[PDB]
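Enquirer: Sharing model-v1.cif, mmCIF, N, CA and C atoms:
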```
data_input
loop_
_atom_site.label_atom_id
_atom_site.label_comp_id
_atom_site.auth_asym_id
_atom_site.auth_seq_id
_atom_site.Cartn_x
_atom_site.Cartn_y
_atom_site.Cartn_z
N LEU K 7 197.73 156.94 218.29
CA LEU K 7 196.74 156.93 219.35
C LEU K 7 195.34 156.69 218.77
N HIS K 8 194.47 156.16 219.62
CA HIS K 8 193.08 155.98 219.22
C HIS K 8 192.18 156.23 220.43
N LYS K 9 190.96 156.62 220.09
CA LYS K 9 189.93 156.87 221.08
C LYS K 9 189.14 155.60 221.36
N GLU K 10 188.66 155.50 222.59
CA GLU K 10 187.83 154.40 223.04
C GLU K 10 186.67 154.99 223.84
N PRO K 11 185.56 154.28 223.77
CA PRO K 11 184.34 154.77 224.41
C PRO K 11 184.42 154.59 225.92
N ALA K 12 183.67 155.43 226.61
CA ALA K 12 183.63 155.39 228.07
C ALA K 12 182.30 155.97 228.49
N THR K 13 181.88 155.72 229.72
CA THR K 13 180.59 156.29 230.12
C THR K 13 180.82 157.07 231.40
N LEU K 14 180.24 158.27 231.47
CA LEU K 14 180.44 159.12 232.63
C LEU K 14 179.84 158.50 233.87
N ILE K 15 180.63 158.40 234.94
CA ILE K 15 179.99 158.01 236.20
C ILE K 15 179.78 159.30 236.98
N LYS K 16 180.86 160.07 237.15
CA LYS K 16 180.73 161.29 237.95
C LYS K 16 181.87 162.24 237.68
N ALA K 17 181.59 163.53 237.52
CA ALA K 17 182.66 164.53 237.46
C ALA K 17 183.10 164.84 238.88
N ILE K 18 184.39 164.84 239.19
CA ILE K 18 184.82 165.06 240.58
C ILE K 18 185.41 166.45 240.76
N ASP K 19 186.22 166.84 239.79
CA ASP K 19 186.88 168.13 239.84
C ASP K 19 187.04 168.65 238.42
N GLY K 20 187.68 169.80 238.27
CA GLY K 20 188.02 170.29 236.95
C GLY K 20 188.85 169.32 236.14
N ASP K 21 189.75 168.60 236.79
CA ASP K 21 190.75 167.76 236.13
C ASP K 21 190.57 166.26 236.39
N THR K 22 189.57 165.89 237.16
CA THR K 22 189.31 164.50 237.52
C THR K 22 187.88 164.05 237.33
N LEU K 23 187.72 162.92 236.67
CA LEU K 23 186.42 162.34 236.37
C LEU K 23 186.39 160.85 236.73
N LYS K 24 185.23 160.38 237.16
CA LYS K 24 185.02 158.94 237.33
C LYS K 24 184.26 158.44 236.10
N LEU K 25 184.86 157.52 235.36
CA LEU K 25 184.28 156.93 234.17
C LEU K 25 184.16 155.41 234.30
N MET K 26 183.20 154.85 233.58
CA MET K 26 183.12 153.42 233.30
C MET K 26 183.93 153.13 232.04
N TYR K 27 185.02 152.40 232.21
CA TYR K 27 185.89 152.14 231.07
C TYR K 27 186.14 150.64 230.96
N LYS K 28 185.81 150.07 229.82
CA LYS K 28 185.92 148.62 229.63
C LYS K 28 185.24 147.87 230.77
N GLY K 29 184.07 148.37 231.13
CA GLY K 29 183.18 147.81 232.11
C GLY K 29 183.58 148.00 233.55
N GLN K 30 184.66 148.73 233.82
CA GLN K 30 185.01 148.98 235.21
C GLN K 30 185.00 150.48 235.53
N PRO K 31 184.54 150.80 236.73
CA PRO K 31 184.59 152.16 237.25
C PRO K 31 186.05 152.52 237.51
N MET K 32 186.45 153.69 237.03
CA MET K 32 187.83 154.13 237.12
C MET K 32 187.91 155.65 237.21
N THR K 33 188.84 156.13 238.01
CA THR K 33 189.16 157.55 238.07
C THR K 33 190.17 157.93 237.00
N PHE K 34 189.85 158.99 236.26
CA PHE K 34 190.74 159.51 235.24
C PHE K 34 191.24 160.89 235.64
N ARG K 35 192.52 161.15 235.41
CA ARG K 35 193.11 162.47 235.56
C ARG K 35 193.29 163.01 234.15
N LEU K 36 192.89 164.24 233.84
CA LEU K 36 193.12 164.79 232.51
C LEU K 36 194.61 165.04 232.26
N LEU K 37 195.17 164.40 231.24
CA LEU K 37 196.55 164.62 230.85
C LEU K 37 196.89 166.08 230.56
N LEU K 38 198.06 166.56 230.94
CA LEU K 38 198.74 167.76 230.53
C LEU K 38 198.07 169.04 231.04
N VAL K 39 197.01 168.95 231.84
CA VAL K 39 196.48 170.21 232.36
C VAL K 39 196.34 170.22 233.88
N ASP K 40 196.55 171.41 234.41
CA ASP K 40 196.31 171.70 235.81
C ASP K 40 195.18 172.71 235.98
N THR K 41 194.10 172.34 236.65
CA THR K 41 193.06 173.31 236.97
C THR K 41 193.15 173.72 238.43
N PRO K 42 192.66 174.91 238.76
CA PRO K 42 192.60 175.25 240.19
C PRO K 42 191.71 174.22 240.86
N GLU K 43 191.97 173.85 242.11
CA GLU K 43 191.16 172.74 242.64
C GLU K 43 190.19 173.20 243.72
N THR K 44 189.12 172.42 243.86
CA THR K 44 188.10 172.62 244.87
C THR K 44 188.41 171.75 246.09
N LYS K 45 189.04 170.60 245.85
CA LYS K 45 189.33 169.68 246.95
C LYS K 45 190.51 170.17 247.79
N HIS K 46 191.55 169.37 247.83
CA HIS K 46 192.83 169.51 248.50
C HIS K 46 192.88 170.62 249.54
N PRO K 47 193.05 170.26 250.81
CA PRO K 47 193.10 171.24 251.89
C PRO K 47 194.44 171.98 251.96
N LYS K 48 195.36 171.63 251.06
CA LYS K 48 196.63 172.36 251.07
C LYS K 48 196.37 173.84 250.81
N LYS K 49 195.32 174.10 250.04
CA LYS K 49 194.91 175.45 249.69
C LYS K 49 193.40 175.61 249.80
N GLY K 50 192.69 174.49 249.73
CA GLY K 50 191.25 174.43 249.82
C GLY K 50 190.55 174.56 248.48
N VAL K 51 189.88 175.69 248.30
CA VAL K 51 189.21 176.04 247.06
C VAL K 51 189.91 177.21 246.38
N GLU K 52 190.80 176.90 245.44
CA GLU K 52 191.46 177.98 244.71
C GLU K 52 190.44 178.74 243.87
N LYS K 53 190.81 179.94 243.48
CA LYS K 53 190.15 180.87 242.60
C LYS K 53 190.01 180.28 241.20
N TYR K 54 188.79 180.26 240.68
CA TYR K 54 188.44 179.64 239.41
C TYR K 54 188.30 178.13 239.56
N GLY K 55 188.52 177.60 240.76
CA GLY K 55 188.32 176.18 241.00
C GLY K 55 186.87 175.78 240.78
N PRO K 56 185.93 176.43 241.45
CA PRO K 56 184.53 176.10 241.18
C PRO K 56 184.14 176.26 239.72
N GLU K 57 184.67 177.27 239.04
CA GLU K 57 184.34 177.50 237.64
C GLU K 57 184.91 176.41 236.72
N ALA K 58 186.17 176.04 236.94
CA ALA K 58 186.82 174.99 236.17
C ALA K 58 186.05 173.68 236.33
N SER K 59 185.67 173.47 237.59
CA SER K 59 184.93 172.27 237.96
C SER K 59 183.55 172.25 237.33
N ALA K 60 182.88 173.41 237.30
CA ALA K 60 181.56 173.47 236.67
C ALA K 60 181.68 173.34 235.17
N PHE K 61 182.74 173.94 234.61
CA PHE K 61 182.92 173.80 233.16
C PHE K 61 183.11 172.34 232.78
N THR K 62 183.99 171.62 233.48
CA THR K 62 184.19 170.22 233.09
C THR K 62 182.91 169.41 233.25
N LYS K 63 182.21 169.71 234.34
CA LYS K 63 180.99 168.95 234.64
C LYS K 63 179.94 169.13 233.56
N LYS K 64 179.72 170.37 233.12
CA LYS K 64 178.65 170.62 232.14
C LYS K 64 178.99 169.97 230.82
N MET K 65 180.26 170.19 230.47
CA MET K 65 180.72 169.64 229.19
C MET K 65 180.54 168.14 229.17
N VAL K 66 180.92 167.43 230.24
CA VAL K 66 180.79 165.97 230.10
C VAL K 66 179.36 165.50 230.35
N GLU K 67 178.62 166.17 231.22
CA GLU K 67 177.25 165.73 231.50
C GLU K 67 176.33 165.94 230.31
N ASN K 68 176.60 166.98 229.51
CA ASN K 68 175.73 167.27 228.37
C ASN K 68 176.19 166.58 227.09
N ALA K 69 177.18 165.69 227.18
CA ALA K 69 177.62 165.00 225.97
C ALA K 69 176.76 163.78 225.65
N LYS K 70 176.63 163.54 224.35
CA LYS K 70 176.11 162.34 223.76
C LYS K 70 177.10 161.17 223.89
N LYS K 71 178.37 161.46 223.65
CA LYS K 71 179.43 160.45 223.62
C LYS K 71 180.68 160.98 224.34
N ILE K 72 181.23 160.16 225.21
CA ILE K 72 182.51 160.45 225.87
C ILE K 72 183.52 159.42 225.37
N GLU K 73 184.73 159.89 225.10
CA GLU K 73 185.74 158.93 224.63
C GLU K 73 187.03 159.24 225.38
N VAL K 74 187.82 158.21 225.62
CA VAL K 74 189.11 158.41 226.27
C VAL K 74 190.20 158.05 225.27
N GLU K 75 191.26 158.85 225.31
CA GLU K 75 192.40 158.65 224.44
C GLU K 75 193.67 158.57 225.29
N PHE K 76 194.27 157.40 225.39
CA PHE K 76 195.51 157.24 226.15
C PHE K 76 196.69 157.75 225.33
N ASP K 77 197.70 158.31 225.98
CA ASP K 77 198.89 158.75 225.23
C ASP K 77 199.83 157.56 225.02
N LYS K 78 201.10 157.77 224.71
CA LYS K 78 202.05 156.69 224.41
C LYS K 78 202.84 156.18 225.61
N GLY K 79 202.79 156.83 226.77
CA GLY K 79 203.60 156.40 227.90
C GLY K 79 202.76 155.67 228.92
N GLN K 80 203.07 155.84 230.20
CA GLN K 80 202.27 155.24 231.25
C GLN K 80 200.80 155.63 231.15
N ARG K 81 199.90 154.68 231.37
CA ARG K 81 198.47 154.97 231.25
C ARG K 81 197.82 155.18 232.60
N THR K 82 198.53 154.90 233.69
CA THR K 82 198.01 155.20 235.04
C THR K 82 199.04 155.97 235.85
N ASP K 83 198.62 156.75 236.85
CA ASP K 83 199.62 157.44 237.68
C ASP K 83 199.79 156.69 239.00
N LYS K 84 200.60 157.18 239.94
CA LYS K 84 200.83 156.33 241.12
C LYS K 84 199.59 156.18 241.99
N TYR K 85 198.51 156.90 241.70
CA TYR K 85 197.31 156.78 242.53
C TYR K 85 196.31 155.85 241.88
N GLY K 86 196.75 155.19 240.81
CA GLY K 86 195.84 154.30 240.10
C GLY K 86 194.93 155.06 239.15
N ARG K 87 195.13 156.36 238.98
CA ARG K 87 194.23 157.07 238.07
C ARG K 87 194.65 156.93 236.61
N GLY K 88 193.69 156.70 235.72
CA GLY K 88 193.97 156.71 234.29
C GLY K 88 194.47 158.06 233.83
N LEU K 89 195.41 158.06 232.89
CA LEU K 89 195.96 159.30 232.36
C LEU K 89 195.57 159.45 230.89
N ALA K 90 194.64 160.38 230.63
CA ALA K 90 194.09 160.42 229.28
C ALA K 90 193.64 161.81 228.83
N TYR K 91 193.42 161.87 227.52
CA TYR K 91 192.78 163.02 226.87
C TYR K 91 191.30 162.72 226.83
N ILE K 92 190.43 163.61 227.31
CA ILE K 92 189.03 163.13 227.31
C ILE K 92 188.26 163.90 226.24
N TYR K 93 187.40 163.27 225.46
CA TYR K 93 186.64 163.94 224.41
C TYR K 93 185.14 163.91 224.70
N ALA K 94 184.50 165.07 224.65
CA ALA K 94 183.04 165.19 224.80
C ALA K 94 182.44 165.55 223.44
N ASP K 95 181.67 164.65 222.85
CA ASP K 95 181.16 164.88 221.49
C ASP K 95 182.26 165.28 220.53
N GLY K 96 183.39 164.56 220.55
CA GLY K 96 184.46 164.88 219.64
C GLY K 96 185.29 166.07 220.05
N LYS K 97 184.99 166.77 221.14
CA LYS K 97 185.76 167.93 221.58
C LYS K 97 186.62 167.59 222.79
N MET K 98 187.90 167.93 222.72
CA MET K 98 188.79 167.53 223.81
C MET K 98 188.55 168.40 225.03
N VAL K 99 188.13 167.75 226.12
CA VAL K 99 187.92 168.52 227.35
C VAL K 99 189.19 169.19 227.82
N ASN K 100 190.34 168.53 227.71
CA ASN K 100 191.55 169.17 228.23
C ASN K 100 191.83 170.48 227.52
N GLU K 101 191.61 170.50 226.20
CA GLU K 101 191.89 171.73 225.43
C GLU K 101 190.88 172.81 225.75
N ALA K 102 189.59 172.42 225.80
CA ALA K 102 188.54 173.41 226.09
C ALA K 102 188.89 174.15 227.37
N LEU K 103 189.31 173.40 228.40
CA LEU K 103 189.63 174.09 229.66
C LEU K 103 190.74 175.11 229.47
N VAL K 104 191.74 174.70 228.69
CA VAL K 104 192.90 175.57 228.54
C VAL K 104 192.55 176.78 227.68
N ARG K 105 191.79 176.51 226.63
CA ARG K 105 191.32 177.57 225.73
C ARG K 105 190.48 178.60 226.49
N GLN K 106 189.73 178.24 227.52
CA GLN K 106 188.93 179.20 228.28
C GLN K 106 189.67 179.84 229.45
N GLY K 107 190.97 179.60 229.58
CA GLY K 107 191.66 180.21 230.71
C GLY K 107 191.24 179.57 232.02
N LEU K 108 190.76 178.32 231.98
CA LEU K 108 190.39 177.63 233.21
C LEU K 108 191.39 176.54 233.61
N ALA K 109 192.50 176.46 232.92
CA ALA K 109 193.54 175.49 233.26
C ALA K 109 194.86 175.97 232.68
N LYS K 110 195.97 175.64 233.32
CA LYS K 110 197.30 175.89 232.75
C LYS K 110 197.83 174.60 232.14
N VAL K 111 198.75 174.66 231.19
CA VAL K 111 199.37 173.42 230.72
C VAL K 111 200.30 172.93 231.83
N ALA K 112 200.16 171.70 232.27
CA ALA K 112 200.91 171.04 233.33
C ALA K 112 202.39 170.88 233.05
N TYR K 113 203.17 170.54 234.08
CA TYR K 113 204.55 170.11 233.82
C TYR K 113 204.49 168.80 233.03
N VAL K 114 205.16 168.75 231.88
CA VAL K 114 204.97 167.64 230.96
C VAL K 114 206.01 166.54 231.16
N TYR K 115 205.59 165.29 231.00
CA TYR K 115 206.46 164.12 231.11
C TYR K 115 206.42 163.28 229.85
N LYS K 116 207.50 163.37 229.07
CA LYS K 116 207.55 162.48 227.90
C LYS K 116 207.62 161.05 228.46
N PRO K 117 207.10 160.10 227.71
CA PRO K 117 206.57 160.38 226.38
C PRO K 117 205.09 160.73 226.37
N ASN K 118 204.51 161.11 227.51
CA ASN K 118 203.07 161.42 227.48
C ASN K 118 202.87 162.89 227.13
N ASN K 119 203.12 163.26 225.88
CA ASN K 119 203.10 164.68 225.52
C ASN K 119 202.68 164.90 224.08
N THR K 120 201.95 163.95 223.52
CA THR K 120 201.48 164.09 222.14
C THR K 120 200.76 165.40 221.87
N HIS K 121 199.76 165.79 222.66
CA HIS K 121 199.05 167.03 222.33
C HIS K 121 199.65 168.27 222.98
N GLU K 122 200.91 168.24 223.39
CA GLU K 122 201.51 169.37 224.09
C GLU K 122 201.50 170.68 223.31
N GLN K 123 201.93 170.65 222.06
CA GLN K 123 201.96 171.77 221.14
C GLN K 123 200.58 172.44 221.06
N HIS K 124 199.62 171.57 220.78
CA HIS K 124 198.24 171.99 220.56
C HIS K 124 197.73 172.74 221.78
N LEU K 125 197.87 172.10 222.94
CA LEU K 125 197.40 172.76 224.16
C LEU K 125 198.17 174.02 224.45
N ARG K 126 199.47 174.04 224.15
CA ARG K 126 200.18 175.29 224.48
C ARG K 126 199.73 176.47 223.61
N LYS K 127 199.36 176.19 222.37
CA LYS K 127 198.84 177.24 221.49
C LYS K 127 197.51 177.75 222.03
N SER K 128 196.69 176.81 222.52
CA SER K 128 195.43 177.27 223.12
C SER K 128 195.72 178.08 224.36
N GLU K 129 196.78 177.70 225.09
CA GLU K 129 196.99 178.44 226.33
C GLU K 129 197.45 179.86 226.02
N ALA K 130 198.29 179.96 225.00
CA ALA K 130 198.82 181.27 224.61
C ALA K 130 197.69 182.19 224.16
N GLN K 131 196.71 181.64 223.44
CA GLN K 131 195.53 182.41 223.03
C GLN K 131 194.68 182.84 224.21
N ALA K 132 194.40 181.91 225.15
CA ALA K 132 193.66 182.36 226.33
C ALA K 132 194.40 183.43 227.11
N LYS K 133 195.73 183.42 227.14
CA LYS K 133 196.50 184.43 227.86
C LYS K 133 196.41 185.78 227.13
N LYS K 134 196.56 185.69 225.82
CA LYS K 134 196.40 186.85 224.93
C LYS K 134 195.01 187.43 225.11
N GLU K 135 194.00 186.58 225.32
CA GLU K 135 192.65 187.10 225.49
C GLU K 135 192.35 187.45 226.94
N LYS K 136 193.33 187.24 227.82
CA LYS K 136 193.22 187.53 229.24
C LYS K 136 192.00 186.90 229.89
N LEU K 137 191.75 185.63 229.58
CA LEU K 137 190.57 184.94 230.09
C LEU K 137 190.85 184.33 231.47
N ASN K 138 189.90 184.48 232.37
CA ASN K 138 189.81 183.81 233.66
C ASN K 138 191.13 183.88 234.40
N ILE K 139 191.85 182.78 234.59
CA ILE K 139 193.12 182.78 235.30
C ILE K 139 194.08 183.86 234.83
N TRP K 140 194.06 184.15 233.54
CA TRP K 140 194.94 185.13 232.92
C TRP K 140 194.38 186.54 233.00
N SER K 141 193.35 186.77 233.81
CA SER K 141 192.81 188.13 233.89
C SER K 141 193.21 188.82 235.19
#
```
Show me this structure written as structure tokens.
Expert:
Amino acid sequence: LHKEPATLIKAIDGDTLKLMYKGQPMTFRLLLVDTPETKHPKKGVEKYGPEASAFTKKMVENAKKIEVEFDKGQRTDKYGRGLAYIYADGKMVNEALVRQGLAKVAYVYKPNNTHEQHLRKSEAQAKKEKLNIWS
């Protein structure tokens, strides 16, 4: 895998961002993580949804450099959203969320599961530390 540059257009949710990628505006879904959501009327605004959403927003808005890293399988989902690992100043946003107890590791689909181990270790630590969702 390799990272490629991207430019923030807009943070939409904890797990969804609008980026300029290869000169086109595109919606990205963060690979392998589920955050509580602010949108979706199925539940509305879940608990920690605003926090997850604010965390992603600050992290990407305050970055010098944003990079996207596609995994080895499908690069878009059925909604046309890019499926990627997002990095803010070299720090993976998907992991940061999980490390802070603001996201769970998603149901995984090989072969898009390169960082699965890594994220699960972070999730286990946030649970051990009883952070946010785990409190």
Enquirer: Nearest to residue 121 of chain K among K:136, K:103, K:88, K:38, with distances taken over only N, CA and C atoms: which residue is it?
Expert: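 Between K:136, K:103, K:88, K:38, the residue approaching residue 121 of chain K most closely is K:38.
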Enquirer: Written as a list in words, which residues does the PyMOL selection byres (((chain K and resi 71 and name CA) around 12) and name CA) give for the file shown?
Expert: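 For this structure, the PyMOL selection byres (((chain K and resi 71 and name CA) around 12) and name CA) resolves to residues 9, 10, 11, 12, 13, 14, 65, 66, 67, 68, 69, 70, 72, 73, 74, 92, 93, 94, 95, 96, 97 and 98 of chain K.
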Enquirer: Could you tell me, as a PyMOL selection string, which residues of segment 19-128 of chain K DSSP assigns to alpha helix (DSSP H) when given the backbone?
Expert: chain K and resi 55-67+99-105+122-128
Enquirer: So what does the PyMOL selection byres ((chain K and resi 111) around 8) actually pick up in this one, as number ranges by chain?
Expert: K: 37-41, 104, 108-110, 112-114, 125-126, 129
Enquirer: Just the number, please: distance in Å from atom CA of residue 26 of chain K to atom CA of residue 57 of chain K, one decimal.
Expert: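 For atom CA of residue 26 of chain K relative to atom CA of residue 57 of chain K, the distance reads 24.5 Å.
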Enquirer: Report as a compact mmCIF listing (two decimals) with N, CA and C atoms, keeping the file's coordinate frame all protein, DNA and RNA residues lying within 6 Å of residue 43 of chain K, evaluated on all atoms listed in the file, omitting residues in the same chain fewer than 2 positions from it.
Expert:
```txt
# COMPACT_ATOMS: atom_id res chain seq x y z
N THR K 41 194.10 172.34 236.65
CA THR K 41 193.06 173.31 236.97
C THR K 41 193.15 173.72 238.43
N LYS K 45 189.04 170.60 245.85
CA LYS K 45 189.33 169.68 246.95
C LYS K 45 190.51 170.17 247.79
N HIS K 46 191.55 169.37 247.83
CA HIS K 46 192.83 169.51 248.50
C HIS K 46 192.88 170.62 249.54
N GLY K 50 192.69 174.49 249.73
CA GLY K 50 191.25 174.43 249.82
C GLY K 50 190.55 174.56 248.48
N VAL K 51 189.88 175.69 248.30
CA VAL K 51 189.21 176.04 247.06
C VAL K 51 189.91 177.21 246.38
N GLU K 52 190.80 176.90 245.44
CA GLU K 52 191.46 177.98 244.71
C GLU K 52 190.44 178.74 243.87
N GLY K 55 188.52 177.60 240.76
CA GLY K 55 188.32 176.18 241.00
C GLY K 55 186.87 175.78 240.78
N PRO K 56 185.93 176.43 241.45
CA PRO K 56 184.53 176.10 241.18
C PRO K 56 184.14 176.26 239.72
```
Enquirer: Quick one: of K:84, K:116, K:105, K:78, who's nearest to residue 7 of chain K, counting only N, CA and C atoms?
Expert: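 When distances to residue 7 of chain K are compared using only N, CA and C atoms, the smallest one comes from K:78.
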Enquirer: So what does the PyMOL selection byres ((chain K and resi 76) around 6) actually pick up in this one, as JSON, numbers by chain?
Expert: {"K": [8, 74, 75, 77, 78, 89, 90, 91]}
Enquirer: Could you pull out the strand (DSSP E or B) residues of chain K, going by DSSP on the backbone, and write them as a VMD selection string?
Expert: chain K and resid 9 to 17 22 to 27 30 to 36 39 to 40 72 to 76 82 88 to 94 97 to 98 110 to 111 115 118
Enquirer: List the neighbours of residue 17 of chain K out to 8 Å using only N, CA and C atoms; skip same-chain residues closer than 4 positions along the sequence, and give me the result as a list in words.
Expert: residues 21, 22, 23, 24, 25, 59, 62, 63, 64, 66 and 67 of chain K
Enquirer: Rounded to one decimal, what separation in Å do you get between atom CA of residue 42 of chain K and atom CA of residue 28 of chain K?
Expert: 29.4 Å
Enquirer: What's the separation between atom CA of residue 137 of chain K and atom CA of residue 106 of chain K, in Å to one decimal place?
Expert: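 Computing it gives 6.2 Å between the two atoms.
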Enquirer: Ranking K:86, K:115, K:101, K:140 by minimum distance to residue 127 of chain K and counting only C-alpha atoms, which one comes first?
Expert: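 Checking each candidate against residue 127 of chain K, we get K:101 as the closest.
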Enquirer: Using all atoms listed in the file, which residue out of K:117, K:53, K:87, K:122 lies closest to residue 139 of chain K?
Expert: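 The answer is K:53, which sits nearest to residue 139 of chain K.
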